[PDB]
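Student: Got protein.txt for you, compact mmCIF, C-alpha atoms:
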```
# COMPACT_ATOMS: atom_id res chain seq x y z
CA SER A 1 -0.22 3.01 23.13
CA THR A 2 1.16 0.92 20.30
CA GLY A 3 0.01 -1.76 17.87
CA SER A 4 1.85 -4.44 15.90
CA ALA A 5 0.32 -6.69 13.25
CA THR A 6 1.69 -9.15 10.74
CA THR A 7 1.01 -8.47 7.07
CA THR A 8 0.97 -11.41 4.66
CA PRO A 9 1.24 -11.60 0.85
CA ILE A 10 -2.02 -12.68 -0.79
CA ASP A 11 -0.27 -14.87 -3.36
CA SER A 12 3.10 -16.14 -4.55
CA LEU A 13 3.83 -12.90 -6.43
CA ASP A 14 3.29 -10.48 -3.53
CA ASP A 15 0.50 -8.84 -5.54
CA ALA A 16 -0.79 -7.29 -2.30
CA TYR A 17 -0.57 -7.77 1.44
CA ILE A 18 -3.36 -8.43 3.94
CA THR A 19 -3.41 -7.57 7.62
CA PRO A 20 -6.02 -8.82 10.09
CA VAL A 21 -8.21 -6.11 11.61
CA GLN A 22 -10.76 -6.51 14.42
CA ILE A 23 -14.03 -4.62 13.82
CA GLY A 24 -16.97 -4.37 16.21
CA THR A 25 -18.11 -6.08 19.40
CA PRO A 26 -17.69 -9.01 19.56
CA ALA A 27 -14.77 -8.68 17.19
CA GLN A 28 -15.24 -9.51 13.52
CA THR A 29 -11.80 -10.11 12.00
CA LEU A 30 -11.38 -9.05 8.37
CA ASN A 31 -8.18 -9.15 6.32
CA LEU A 32 -7.61 -5.67 4.95
CA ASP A 33 -5.20 -4.22 2.41
CA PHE A 34 -3.34 -1.42 4.21
CA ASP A 35 -3.02 1.34 1.63
CA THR A 36 -0.80 4.37 2.21
CA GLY A 37 -2.12 5.75 -1.09
CA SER A 38 -5.76 6.21 0.00
CA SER A 39 -7.71 7.29 3.05
CA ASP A 40 -10.88 5.20 3.33
CA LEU A 41 -11.36 2.17 5.57
CA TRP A 42 -13.95 0.16 3.68
CA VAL A 43 -15.13 -3.42 4.00
CA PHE A 44 -17.15 -6.09 2.31
CA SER A 45 -20.29 -6.30 4.38
CA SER A 46 -23.76 -7.76 4.86
CA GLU A 47 -24.89 -4.83 2.68
CA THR A 48 -22.70 -5.72 -0.31
CA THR A 49 -24.65 -6.75 -3.41
CA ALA A 50 -24.74 -10.53 -3.06
CA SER A 51 -23.52 -11.29 -6.60
CA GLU A 52 -20.44 -9.14 -5.92
CA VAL A 53 -19.30 -11.20 -2.93
CA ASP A 54 -17.21 -14.28 -3.79
CA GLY A 55 -15.41 -15.75 -0.80
CA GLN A 56 -14.61 -12.59 1.17
CA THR A 57 -15.29 -12.30 4.88
CA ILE A 58 -17.98 -9.71 5.53
CA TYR A 59 -18.60 -7.21 8.30
CA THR A 60 -22.16 -7.42 9.63
CA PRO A 61 -22.85 -4.23 11.57
CA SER A 62 -26.15 -5.54 12.99
CA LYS A 63 -24.12 -8.14 14.94
CA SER A 64 -21.89 -5.50 16.53
CA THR A 65 -23.18 -3.89 19.70
CA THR A 66 -20.87 -0.92 19.20
CA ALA A 67 -21.81 -0.22 15.55
CA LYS A 68 -23.73 2.97 14.85
CA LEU A 69 -24.99 4.09 11.44
CA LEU A 70 -23.43 7.43 10.54
CA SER A 71 -26.63 9.03 9.42
CA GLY A 72 -26.71 10.35 5.87
CA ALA A 73 -23.09 9.49 5.15
CA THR A 74 -22.06 7.84 1.90
CA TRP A 75 -18.75 7.11 0.21
CA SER A 76 -17.50 6.31 -3.26
CA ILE A 77 -13.93 5.76 -4.37
CA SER A 78 -12.11 4.99 -7.59
CA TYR A 79 -8.55 3.72 -7.56
CA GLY A 80 -5.66 4.20 -9.97
CA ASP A 81 -6.13 0.72 -11.40
CA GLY A 82 -9.71 1.52 -12.41
CA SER A 83 -11.34 -0.41 -9.57
CA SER A 84 -14.02 1.16 -7.37
CA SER A 85 -16.44 0.68 -4.49
CA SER A 86 -19.14 2.65 -2.69
CA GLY A 87 -21.67 2.46 0.11
CA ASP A 88 -22.72 3.83 3.49
CA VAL A 89 -20.92 4.36 6.79
CA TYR A 90 -20.92 3.08 10.36
CA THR A 91 -18.77 4.05 13.29
CA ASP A 92 -17.42 1.15 15.30
CA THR A 93 -14.47 -0.03 17.35
CA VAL A 94 -11.48 -1.03 15.21
CA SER A 95 -8.31 -2.68 16.50
CA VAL A 96 -5.06 -3.41 14.68
CA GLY A 97 -2.44 -5.50 16.40
CA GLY A 98 -3.64 -4.54 19.86
CA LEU A 99 -4.19 -0.82 19.13
CA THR A 100 -7.85 0.18 19.49
CA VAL A 101 -9.74 3.15 18.06
CA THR A 102 -13.31 3.78 19.14
CA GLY A 103 -15.66 5.62 16.80
CA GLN A 104 -13.71 4.75 13.65
CA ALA A 105 -15.57 5.30 10.39
CA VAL A 106 -16.07 1.87 8.82
CA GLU A 107 -17.28 2.30 5.27
CA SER A 108 -19.62 -0.54 4.37
CA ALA A 109 -19.64 -1.49 0.69
CA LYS A 110 -22.96 -1.71 -1.10
CA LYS A 111 -21.17 -2.09 -4.45
CA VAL A 112 -17.68 -3.19 -5.46
CA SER A 113 -16.12 -3.52 -8.92
CA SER A 114 -15.24 -6.85 -10.46
CA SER A 115 -11.55 -6.71 -9.50
CA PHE A 116 -12.55 -6.71 -5.83
CA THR A 117 -15.14 -9.47 -6.22
CA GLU A 118 -12.59 -11.61 -8.02
CA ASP A 119 -10.03 -11.33 -5.22
CA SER A 120 -11.32 -13.57 -2.46
CA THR A 121 -8.37 -12.80 -0.18
CA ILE A 122 -9.01 -9.05 0.33
CA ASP A 123 -11.92 -8.17 2.61
CA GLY A 124 -11.47 -4.41 2.20
CA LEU A 125 -8.93 -1.58 2.42
CA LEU A 126 -7.53 0.40 5.34
CA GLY A 127 -6.34 3.77 4.09
CA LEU A 128 -3.23 5.34 5.60
CA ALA A 129 -2.76 8.44 3.41
CA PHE A 130 -3.88 11.84 4.71
CA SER A 131 -7.48 12.27 5.81
CA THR A 132 -7.98 15.07 3.27
CA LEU A 133 -8.44 12.29 0.64
CA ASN A 134 -11.23 10.53 2.56
CA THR A 135 -14.33 10.25 0.36
CA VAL A 136 -17.11 10.23 2.96
CA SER A 137 -19.80 12.79 2.25
CA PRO A 138 -21.13 15.13 3.52
CA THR A 139 -18.78 14.92 6.52
CA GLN A 140 -15.25 13.74 5.69
CA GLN A 141 -13.90 11.13 8.10
CA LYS A 142 -10.49 10.46 9.60
CA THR A 143 -8.20 7.51 8.93
CA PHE A 144 -7.41 4.91 11.55
CA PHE A 145 -3.94 6.44 11.98
CA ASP A 146 -5.30 9.96 12.30
CA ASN A 147 -7.74 8.80 15.00
CA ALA A 148 -5.08 6.81 16.87
CA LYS A 149 -2.28 9.37 16.60
CA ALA A 150 -2.76 11.35 19.78
CA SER A 151 -2.81 8.15 21.84
CA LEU A 152 0.29 6.62 20.28
CA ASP A 153 3.65 6.66 22.09
CA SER A 154 5.05 8.38 18.98
CA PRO A 155 2.93 9.65 16.06
CA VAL A 156 4.29 7.17 13.52
CA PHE A 157 3.59 3.93 11.78
CA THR A 158 6.06 1.68 9.98
CA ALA A 159 5.77 -0.67 7.02
CA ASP A 160 8.11 -3.65 6.84
CA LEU A 161 6.86 -5.66 3.89
CA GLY A 162 8.36 -9.06 3.12
CA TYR A 163 9.57 -10.49 -0.16
CA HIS A 164 7.59 -13.70 -0.65
CA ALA A 165 7.19 -13.70 3.16
CA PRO A 166 5.18 -12.07 5.94
CA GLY A 167 6.13 -8.69 7.36
CA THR A 168 4.88 -6.17 9.89
CA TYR A 169 2.94 -2.95 10.34
CA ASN A 170 3.73 -1.20 13.63
CA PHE A 171 1.89 1.77 15.09
CA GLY A 172 3.38 4.16 17.61
CA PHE A 173 6.98 2.92 17.79
CA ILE A 174 10.09 2.21 15.72
CA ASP A 175 11.40 -1.33 16.13
CA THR A 176 15.14 -0.71 16.11
CA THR A 177 15.81 -4.43 15.60
CA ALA A 178 13.92 -4.49 12.28
CA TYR A 179 16.47 -2.69 10.10
CA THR A 180 20.18 -2.35 9.52
CA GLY A 181 22.21 0.84 9.64
CA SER A 182 20.36 4.12 10.11
CA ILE A 183 16.99 5.47 9.01
CA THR A 184 17.31 8.34 6.54
CA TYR A 185 14.47 10.81 6.78
CA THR A 186 13.25 12.87 3.85
CA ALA A 187 10.71 15.67 3.39
CA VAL A 188 7.04 15.01 2.59
CA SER A 189 4.54 17.15 0.74
CA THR A 190 0.95 16.55 1.83
CA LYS A 191 -0.44 18.88 -0.87
CA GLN A 192 -1.99 16.05 -2.87
CA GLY A 193 -2.96 14.05 0.23
CA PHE A 194 -0.22 11.45 -0.29
CA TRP A 195 3.05 10.51 1.38
CA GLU A 196 4.81 12.36 -1.44
CA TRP A 197 8.59 12.72 -1.43
CA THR A 198 11.54 13.23 -3.79
CA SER A 199 14.05 10.49 -4.42
CA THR A 200 17.56 11.70 -5.18
CA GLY A 201 18.20 9.31 -8.08
CA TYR A 202 18.79 5.75 -9.18
CA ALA A 203 21.20 3.09 -10.38
CA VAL A 204 20.67 -0.04 -12.49
CA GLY A 205 22.54 -3.11 -11.33
CA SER A 206 26.19 -2.33 -10.63
CA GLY A 207 25.99 0.83 -12.75
CA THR A 208 26.82 4.35 -11.67
CA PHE A 209 24.28 6.30 -9.66
CA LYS A 210 22.37 8.96 -11.58
CA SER A 211 21.59 11.99 -9.45
CA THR A 212 18.15 13.19 -10.43
CA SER A 213 15.05 14.28 -8.52
CA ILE A 214 12.12 11.87 -8.77
CA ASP A 215 8.95 13.07 -7.06
CA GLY A 216 6.66 10.21 -6.13
CA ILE A 217 4.45 8.63 -3.49
CA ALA A 218 5.13 5.88 -0.98
CA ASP A 219 2.17 3.60 -1.69
CA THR A 220 1.76 0.25 0.03
CA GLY A 221 -1.46 -0.36 -1.90
CA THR A 222 0.23 -0.41 -5.32
CA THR A 223 2.10 -3.60 -6.31
CA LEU A 224 4.74 -2.25 -8.66
CA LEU A 225 7.31 0.52 -8.97
CA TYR A 226 6.17 3.18 -11.46
CA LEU A 227 8.87 5.63 -12.58
CA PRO A 228 9.55 8.03 -15.47
CA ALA A 229 9.86 6.44 -18.90
CA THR A 230 13.53 7.46 -19.17
CA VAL A 231 14.40 5.62 -15.94
CA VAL A 232 12.36 2.54 -16.82
CA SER A 233 13.89 2.32 -20.31
CA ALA A 234 17.38 2.49 -18.79
CA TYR A 235 16.50 -0.39 -16.48
CA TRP A 236 15.00 -2.73 -19.08
CA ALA A 237 17.76 -2.01 -21.59
CA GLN A 238 19.98 -4.09 -19.28
CA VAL A 239 17.77 -7.17 -19.72
CA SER A 240 18.30 -9.03 -23.01
CA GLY A 241 15.03 -9.46 -24.84
CA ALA A 242 13.00 -7.12 -22.63
CA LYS A 243 10.50 -4.92 -24.43
CA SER A 244 7.47 -2.78 -23.80
CA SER A 245 4.38 -4.60 -24.98
CA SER A 246 1.31 -2.49 -25.70
CA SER A 247 -0.80 -5.68 -25.87
CA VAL A 248 0.30 -6.86 -22.42
CA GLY A 249 0.34 -3.37 -20.88
CA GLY A 250 3.98 -2.77 -20.03
CA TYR A 251 7.47 -4.16 -20.02
CA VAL A 252 7.89 -7.89 -20.32
CA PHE A 253 11.06 -9.95 -20.34
CA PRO A 254 12.16 -13.51 -21.07
CA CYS A 255 11.46 -15.64 -18.02
CA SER A 256 14.96 -17.15 -18.52
CA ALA A 257 16.58 -13.79 -17.68
CA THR A 258 18.49 -12.88 -14.54
CA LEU A 259 17.26 -9.41 -13.57
CA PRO A 260 19.61 -6.67 -12.35
CA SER A 261 18.96 -4.86 -9.11
CA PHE A 262 17.56 -1.34 -8.99
CA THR A 263 18.78 1.25 -6.50
CA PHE A 264 16.89 4.37 -5.47
CA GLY A 265 18.20 7.33 -3.49
CA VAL A 266 16.83 8.63 -0.21
CA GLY A 267 18.91 11.71 0.48
CA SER A 268 22.50 10.49 0.48
CA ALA A 269 21.35 6.96 1.32
CA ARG A 270 20.59 4.14 -1.11
CA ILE A 271 17.95 1.40 -1.07
CA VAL A 272 18.73 -1.63 -3.25
CA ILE A 273 15.86 -3.61 -4.76
CA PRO A 274 17.20 -7.09 -5.64
CA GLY A 275 16.52 -8.22 -9.20
CA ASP A 276 14.26 -11.07 -8.07
CA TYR A 277 11.86 -8.52 -6.52
CA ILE A 278 11.24 -7.20 -10.06
CA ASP A 279 10.00 -10.55 -11.43
CA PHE A 280 6.19 -10.86 -11.57
CA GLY A 281 6.17 -14.14 -13.40
CA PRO A 282 4.55 -15.41 -16.59
CA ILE A 283 2.12 -13.04 -18.27
CA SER A 284 -0.30 -15.99 -18.55
CA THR A 285 -0.03 -19.53 -17.23
CA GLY A 286 2.66 -21.45 -19.11
CA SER A 287 4.10 -18.44 -20.91
CA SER A 288 7.85 -17.84 -21.13
CA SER A 289 7.24 -14.08 -21.20
CA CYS A 290 7.37 -12.59 -17.71
CA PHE A 291 5.90 -9.34 -16.43
CA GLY A 292 8.23 -6.67 -15.09
CA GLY A 293 7.99 -5.07 -11.68
CA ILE A 294 9.29 -1.69 -12.79
CA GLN A 295 6.93 0.07 -15.19
CA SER A 296 6.47 3.52 -16.68
CA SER A 297 4.42 6.11 -14.83
CA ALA A 298 3.83 8.04 -18.05
CA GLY A 299 0.12 8.73 -18.22
CA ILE A 300 -0.45 7.85 -14.55
CA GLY A 301 0.53 11.42 -13.79
CA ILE A 302 2.58 10.51 -10.73
CA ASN A 303 5.51 8.27 -9.84
CA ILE A 304 4.65 5.49 -7.40
CA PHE A 305 7.02 3.77 -5.00
CA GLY A 306 4.82 0.72 -4.59
CA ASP A 307 5.47 -2.61 -2.90
CA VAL A 308 8.39 -3.57 -5.19
CA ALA A 309 10.31 -0.60 -3.78
CA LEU A 310 8.93 -0.46 -0.25
CA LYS A 311 9.52 -4.13 0.51
CA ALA A 312 13.27 -3.54 0.03
CA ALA A 313 13.18 -1.14 3.01
CA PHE A 314 11.98 -0.50 6.53
CA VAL A 315 9.75 2.53 6.01
CA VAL A 316 8.72 5.08 8.64
CA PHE A 317 5.58 7.11 8.03
CA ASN A 318 6.15 9.96 10.48
CA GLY A 319 2.90 11.76 11.21
CA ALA A 320 4.42 14.52 13.32
CA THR A 321 3.08 18.06 12.83
CA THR A 322 5.41 18.27 9.83
CA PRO A 323 5.24 14.77 8.34
CA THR A 324 8.35 13.04 7.00
CA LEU A 325 9.28 9.63 5.56
CA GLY A 326 12.14 7.46 6.74
CA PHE A 327 13.87 4.62 4.88
CA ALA A 328 16.37 2.08 6.14
CA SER A 329 17.89 -1.00 4.58
CA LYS A 330 17.03 -4.30 6.27
```
What does the file become when written as structure tokens?
Tutor:
Amino acid sequence: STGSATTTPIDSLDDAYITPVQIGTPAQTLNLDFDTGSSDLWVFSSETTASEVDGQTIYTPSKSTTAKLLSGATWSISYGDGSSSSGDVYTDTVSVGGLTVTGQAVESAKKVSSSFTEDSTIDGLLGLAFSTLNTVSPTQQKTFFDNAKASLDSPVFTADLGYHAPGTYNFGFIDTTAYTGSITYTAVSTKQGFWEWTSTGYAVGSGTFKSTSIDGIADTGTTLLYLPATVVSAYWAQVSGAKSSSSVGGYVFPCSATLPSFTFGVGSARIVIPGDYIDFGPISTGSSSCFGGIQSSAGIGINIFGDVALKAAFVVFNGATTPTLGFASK
């Protein structure tokens, strides 16, 4: 089997991407944030504290003839940005782009943090990291991909995120028309539960490539590109007037600037992030100070190849017995 679904930016900045997902019988369609950096499929629901729901579409398990309470199971997750959610668990039928999993754990939120409430466009998350990170207790549950894998034509999914435009998540096949040149595959460590890999270096604009190992995670659920302070300083030094602002929470730059590109290495291959992908717009409405899309990972504890990086590539998440990651230009 295969599946193919369009993923759409939630706003004009590509802050996140939402993908429609069918849950239950009859189908209830929710727009979920596909997150290769976590491993829980959780939704706003009829059980979510009413004051914490503000415009989201909810899953109502009592209206699904295939929903079953997973007795005694609870979940609770905290994300790198400080947001969180928790609740109980149903199993139900879940379909993405024509690919159906029966008995998928659907984690129903009883509580969500303010950041989730305040984002009306995201109805929940669909985790695509390794199932070892799943938070369901006392019996850990599998991700949608893990459940689907054996049925797929090939045990892979691909992320093809758009810049200020829709893109695609495919399951079970590589669309050879969706990228240019070849896909370069690189080793993955699953030791921390992430799609963790080592970039071979970087360049800023038309500058020379610096060969250096950068361990990080491919994370569709993180907006920005978080890299070591040395790398980030080298980037922003090429933008007149750019500075790190403790008050704002990272590098800002004059909105009048033209940003240089940023290249990262995948083996001997190179992925070029155009400068415009690194512009996240005014820090507040009407400001001439703009927020940068490349930020320091210092004090995160890990480097993160988030959407800024991934959307410059066609990315293969190869879930073969020994997982790997593939990147192609597009």
Student: List as a tab-separated table every residue of region 163-196 of chain A that is in contact with region 311-321 of chain A, defined as an atom at most 10 Å from one of its atoms (using only C-alpha atoms), together with the nearest atom pair and the distance in Å rounded to one decimal, sorted by chain and then rising number.
Tutor:
```
residue	atom	partner	partner_atom	distance
A:163	CA	A:311	CA	6.4
A:164	CA	A:311	CA	9.8
A:167	CA	A:311	CA	8.9
A:168	CA	A:314	CA	9.7
A:169	CA	A:315	CA	9.8
A:170	CA	A:316	CA	9.4
A:171	CA	A:317	CA	9.6
A:172	CA	A:318	CA	9.6
A:173	CA	A:316	CA	9.6
A:174	CA	A:316	CA	7.8
A:175	CA	A:314	CA	9.7
A:178	CA	A:314	CA	7.3
A:179	CA	A:314	CA	6.1
A:180	CA	A:314	CA	8.9
A:183	CA	A:314	CA	8.2
A:184	CA	A:316	CA	9.4
A:185	CA	A:316	CA	8.3
A:188	CA	A:318	CA	9.4
A:195	CA	A:317	CA	7.9
```
Student: Deliver the residues from the most recent selection as a file, using C-alpha atoms, as a PDB file, in the coordinates of the input.
Tutor:
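What ended up in result_9.pdb:
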```pdb
ATOM      1  CA  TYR A 163       9.570 -10.490  -0.160  1.00  0.00           C
ATOM      2  CA  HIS A 164       7.590 -13.700  -0.650  1.00  0.00           C
ATOM      3  CA  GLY A 167       6.130  -8.690   7.360  1.00  0.00           C
ATOM      4  CA  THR A 168       4.880  -6.170   9.890  1.00  0.00           C
ATOM      5  CA  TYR A 169       2.940  -2.950  10.340  1.00  0.00           C
ATOM      6  CA  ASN A 170       3.730  -1.200  13.630  1.00  0.00           C
ATOM      7  CA  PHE A 171       1.890   1.770  15.090  1.00  0.00           C
ATOM      8  CA  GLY A 172       3.380   4.160  17.610  1.00  0.00           C
ATOM      9  CA  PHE A 173       6.980   2.920  17.790  1.00  0.00           C
ATOM     10  CA  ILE A 174      10.090   2.210  15.720  1.00  0.00           C
ATOM     11  CA  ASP A 175      11.400  -1.330  16.130  1.00  0.00           C
ATOM     12  CA  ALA A 178      13.920  -4.490  12.280  1.00  0.00           C
ATOM     13  CA  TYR A 179      16.470  -2.690  10.100  1.00  0.00           C
ATOM     14  CA  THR A 180      20.180  -2.350   9.520  1.00  0.00           C
ATOM     15  CA  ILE A 183      16.990   5.470   9.010  1.00  0.00           C
ATOM     16  CA  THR A 184      17.310   8.340   6.540  1.00  0.00           C
ATOM     17  CA  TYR A 185      14.470  10.810   6.780  1.00  0.00           C
ATOM     18  CA  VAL A 188       7.040  15.010   2.590  1.00  0.00           C
ATOM     19  CA  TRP A 195       3.050  10.510   1.380  1.00  0.00           C
TER      20      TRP A 195
END
```
Student: Of the residues A:54, A:13, A:306, A:160, which is the one nearest to residue 290 (chain A), using all atoms listed in the file?
Tutor: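 So, comparing all the options, the nearest one is A:13.
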Student: Enter the distance from CA of residue 117 (chain A) to CA of residue 28 (chain A), in Å, rounded to one decimal.
Tutor: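 These atoms are spaced 19.7 Å apart.
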Student: So which one's closest to residue 48 (chain A), A:65, A:6, A:22, A:113? Using all atoms listed in the file, please.
Tutor: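 With all atoms listed in the file as the atom set, the closest residue is A:113.
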Student: Please return as JSON, numbers by chain every residue within 8 Å of (15.8, 13.4, 5.0), taking into account all atoms listed in the file and the file's own coordinates.
Tutor: {"A": [184, 185, 186, 187, 266, 267, 324, 325, 326]}
Student: Taking C-alpha atoms for each residue, export the selection above as a short mmCIF file (atom, residue, chain, number, x, y, z; two decimals), keeping the file's coordinate frame.
Tutor:
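File produced: result_28.cif:
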```cif
data_model
loop_
_atom_site.label_atom_id
_atom_site.label_comp_id
_atom_site.auth_asym_id
_atom_site.auth_seq_id
_atom_site.Cartn_x
_atom_site.Cartn_y
_atom_site.Cartn_z
CA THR A 184 17.31 8.34 6.54
CA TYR A 185 14.47 10.81 6.78
CA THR A 186 13.25 12.87 3.85
CA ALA A 187 10.71 15.67 3.39
CA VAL A 266 16.83 8.63 -0.21
CA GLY A 267 18.91 11.71 0.48
CA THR A 324 8.35 13.04 7.00
CA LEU A 325 9.28 9.63 5.56
CA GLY A 326 12.14 7.46 6.74
#
```
Student: Given all atoms listed in the file as the basis, pick out the residue of A:259, A:136, A:128, A:27 nearest to residue 156 (chain A).
Tutor: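 Among the listed residues, the smallest separation from residue 156 (chain A) belongs to A:128.
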Student: Region 54-66 of chain A, all listed atoms, 3 Å padding on each side: what axis-aligned box centre and edge lengths in Å to one decimal come out, as lines of an AutoDock Vina configuration file?
Tutor:
```
center_x = -20.4
center_y = -8.3
center_z = 8.0
size_x = 17.5
size_y = 20.8
size_z = 29.5
```
Student: Nearest to residue 217 (chain A) among A:307, A:107, A:88, A:146, with distances taken over only C-alpha atoms: which residue is it?
Tutor: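 Distance minimum relative to residue 217 (chain A) lands on A:307.
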Student: Please, what distance in Å, to one decimal, runs between CA of residue 224 (chain A) and CA of residue 202 (chain A)?
Tutor: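 One can read the CA of residue 224 (chain A) to CA of residue 202 (chain A) distance as 16.2 Å.
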Student: Near residue 115 (chain A), counting only C-alpha atoms, which residues have an atom at most 12 Å away, once you skip same-chain residues fewer than 5 positions from it, shown as a PDB file with C-alpha atoms, in the frame of the given file?
Tutor:
```
ATOM      1  CA  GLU A  52     -20.440  -9.140  -5.920  1.00  0.00           C
ATOM      2  CA  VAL A  53     -19.300 -11.200  -2.930  1.00  0.00           C
ATOM      3  CA  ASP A  54     -17.210 -14.280  -3.790  1.00  0.00           C
ATOM      4  CA  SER A  78     -12.110   4.990  -7.590  1.00  0.00           C
ATOM      5  CA  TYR A  79      -8.550   3.720  -7.560  1.00  0.00           C
ATOM      6  CA  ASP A  81      -6.130   0.720 -11.400  1.00  0.00           C
ATOM      7  CA  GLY A  82      -9.710   1.520 -12.410  1.00  0.00           C
ATOM      8  CA  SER A  83     -11.340  -0.410  -9.570  1.00  0.00           C
ATOM      9  CA  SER A  84     -14.020   1.160  -7.370  1.00  0.00           C
ATOM     10  CA  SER A  85     -16.440   0.680  -4.490  1.00  0.00           C
ATOM     11  CA  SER A 120     -11.320 -13.570  -2.460  1.00  0.00           C
ATOM     12  CA  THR A 121      -8.370 -12.800  -0.180  1.00  0.00           C
ATOM     13  CA  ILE A 122      -9.010  -9.050   0.330  1.00  0.00           C
ATOM     14  CA  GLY A 124     -11.470  -4.410   2.200  1.00  0.00           C
TER      15      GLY A 124
END
```
Student: For the atom pair CA of residue 145 (chain A) and CA of residue 270 (chain A), what is the interatomic distance in Å to one decimal place?
Tutor: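 CA of residue 270 (chain A) lies 27.9 Å from CA of residue 145 (chain A).
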Student: Pick out the residues sitting within 7 Å of residue 57 (chain A), and hand them over as a PyMOL selection string; count all atoms listed in the file, and ignore anything fewer than 2 positions along from it in its own chain.
Tutor: chain A and resi 30+44+55+59+123
Student: Produce a file of the selected residues containing C-alpha atoms, as a PDB file, keeping the file's coordinate frame.
Tutor:
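Ended up saving to result31.pdb:
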```
ATOM      1  CA  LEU A  30     -11.380  -9.050   8.370  1.00  0.00           C
ATOM      2  CA  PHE A  44     -17.150  -6.090   2.310  1.00  0.00           C
ATOM      3  CA  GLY A  55     -15.410 -15.750  -0.800  1.00  0.00           C
ATOM      4  CA  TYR A  59     -18.600  -7.210   8.300  1.00  0.00           C
ATOM      5  CA  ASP A 123     -11.920  -8.170   2.610  1.00  0.00           C
TER       6      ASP A 123
END
```
Student: Which is closest to residue 74 (chain A) among A:322, A:56, A:108, A:240, if we use only C-alpha atoms?
Tutor: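 That would be A:108, the residue with the smallest distance to residue 74 (chain A).
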Student: What would region 11-26 of chain A look like with N, CA and C atoms in place, written as a short mmCIF file (atom, residue, chain, number, x, y, z; two decimals), in the frame of the given file?
Tutor:
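Result file follows (part-v2.cif):
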```cif
data_model
loop_
_atom_site.label_atom_id
_atom_site.label_comp_id
_atom_site.auth_asym_id
_atom_site.auth_seq_id
_atom_site.Cartn_x
_atom_site.Cartn_y
_atom_site.Cartn_z
N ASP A 11 -0.60 -13.86 -2.37
CA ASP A 11 -0.27 -14.87 -3.36
C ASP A 11 1.23 -14.95 -3.52
N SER A 12 1.68 -15.85 -4.39
CA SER A 12 3.10 -16.14 -4.55
C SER A 12 3.90 -15.03 -5.22
N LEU A 13 3.20 -14.02 -5.74
CA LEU A 13 3.83 -12.90 -6.43
C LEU A 13 3.93 -11.64 -5.58
N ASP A 14 3.41 -11.68 -4.36
CA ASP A 14 3.29 -10.48 -3.53
C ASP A 14 2.45 -9.41 -4.23
N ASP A 15 1.33 -9.81 -4.83
CA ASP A 15 0.50 -8.84 -5.54
C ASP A 15 -0.09 -7.79 -4.59
N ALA A 16 -0.32 -8.19 -3.34
CA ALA A 16 -0.79 -7.29 -2.30
C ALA A 16 -0.55 -7.99 -0.99
N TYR A 17 -0.77 -7.26 0.10
CA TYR A 17 -0.57 -7.77 1.44
C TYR A 17 -1.84 -7.55 2.25
N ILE A 18 -2.19 -8.53 3.07
CA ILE A 18 -3.36 -8.43 3.94
C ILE A 18 -2.96 -8.49 5.40
N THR A 19 -3.68 -7.72 6.20
CA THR A 19 -3.41 -7.57 7.62
C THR A 19 -4.72 -7.75 8.37
N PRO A 20 -4.74 -8.62 9.39
CA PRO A 20 -6.02 -8.82 10.09
C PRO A 20 -6.39 -7.60 10.93
N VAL A 21 -7.68 -7.27 10.92
CA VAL A 21 -8.21 -6.11 11.61
C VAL A 21 -9.48 -6.54 12.33
N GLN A 22 -9.58 -6.21 13.61
CA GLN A 22 -10.76 -6.51 14.42
C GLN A 22 -11.74 -5.35 14.35
N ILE A 23 -12.97 -5.63 13.93
CA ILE A 23 -14.03 -4.62 13.82
C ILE A 23 -15.24 -5.04 14.65
N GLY A 24 -15.72 -4.14 15.51
CA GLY A 24 -16.97 -4.37 16.21
C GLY A 24 -16.84 -5.16 17.50
N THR A 25 -18.00 -5.39 18.11
CA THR A 25 -18.11 -6.08 19.40
C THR A 25 -19.28 -7.07 19.35
N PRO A 26 -19.02 -8.37 19.51
CA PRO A 26 -17.69 -9.01 19.56
C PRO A 26 -16.92 -8.76 18.27
#
```
